[PDB]
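To begin, one chain is listed below as structure tokens, in the form deposited in one PDB entry.
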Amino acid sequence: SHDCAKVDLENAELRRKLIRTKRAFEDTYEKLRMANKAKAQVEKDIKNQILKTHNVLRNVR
């Protein structure tokens, strides 16, 4: 036996918290995905710039 009104109240509060927390997780996960993507692009361009720099250094005396 439980407190019927209390478990109804807790059911509703848990559902509210779960929506809020899922939304916070999806938003933060998307922010992290965007950050990782931007960093990967940066590292690709950095590699290109390193290679161009060494090419100049090799051609230069």
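All residue numbers are counted from 1 along the displayed sequence. Rigid core: the largest C-alpha set superposing within 1.5 Å between the two forms. Shifts are known only where both forms have a C-alpha.
If you look for the form deposited in another entry, you will not find it shown, but the lines that follow are about it.
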Exceeds or equals 2 Å, Cα of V42 between the shown form and the other one, core fit: no
Rigid core superposed: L51 CA moves 2 Å or more between the shown form and the other one: yes
Residue shift check between the shown form and the other one, rigid core fit, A24 Cα at least 2 Å: no
Segments of at least three residues whose Cα atoms shift by 2 Å or more between the shown form and the other one, after superposing on the rigid core: 2 to 10, 43 to 60
